[PDB]
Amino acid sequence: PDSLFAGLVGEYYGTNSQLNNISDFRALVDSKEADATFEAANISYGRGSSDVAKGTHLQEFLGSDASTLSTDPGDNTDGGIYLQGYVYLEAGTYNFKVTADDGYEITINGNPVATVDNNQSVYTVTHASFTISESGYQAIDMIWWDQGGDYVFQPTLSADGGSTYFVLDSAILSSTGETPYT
């Protein structure tokens, strides 16, 4: 049985190898069990300095979500997160606008909808629009990593053509696709 909560299933992975791109982080995820798990209920993380993977920086980065960490990871030079679950969206057009250091990829119903395939100091990208064909819980996953230094990850979403954006949080997230009452 998988726990039902108003959030995405979160996994954190650390490494002492360099993360340069999405492929490197996905390979890290493939290579071992998560260094920690957590509930991603308020996906607006950071900003901080001096490496996400060292000391208590992950806790600080995750903020309101850190109280759900399964363990306190040891130090690494590089690290990142893999989030997966469901997000309630009505049929219509949407676009992400993401602030991040380093890179990331977000997919909805298996299709990439926001990609930065490289390292970067903090930068905000307004991504191209996509459509949702049927109202309901949509499958969503995210990866984000830090190669070192500063770190931030805030992927906001607009349903109104970029006039207003919201953080993905417990209002609309579901870990399993069932309706959370938590």
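Each residue number is its position in the shown sequence, starting from 1.
K.L.:
Which is higher on average in the deposited entry, the C-alpha temperature factors of 7-15 or of 159-167?
P.N.:
Stretch with the greater average CA B-factor: 159-167.
K.L.:
When the Cα temperature factors in the entry are averaged, is it 74-82 or 106-114 that ends up higher?
P.N.:
Taking the mean B-factor of the alpha carbons in each, 106-114 is higher.
K.L.:
Determine which member of 60, 150, 33, 65 has the highest CA B-factor, using the values in the deposited entry.
P.N.:
Most elevated C-alpha B-factor of the set, per the entry: 33.
K.L.:
Can you tell me which of 56, 154, 42, 131 has the highest Cα temperature factor in the record?
P.N.:
That would be 131, according to the entry.
K.L.:
Residue 87's Cα B-factor: lowest, middle or highest third of the chain?
P.N.:
Its C-alpha B-factor, which the entry lists for residue 87, ranks in the middle third among residues of this chain.
K.L.:
Looking at the C-alpha B-factor of residue 69, is it in the lowest, middle or highest third of its chain?
P.N.:
Middle third, going by the recorded CA B-factors of the chain.
K.L.:
When the deposited Cα B-factors of this chain's modelled residues are ordered and cut into thirds, is residue 95 in the lowest, the middle or the highest one?
P.N.:
Tercile = middle for this residue's CA B-factor.
K.L.:
Rank-wise, by C-alpha B-factor, drop residue 28 into the lowest, middle or highest third of its chain.
P.N.:
Ranked within chain, residue 28 CA B lands in the middle tercile.
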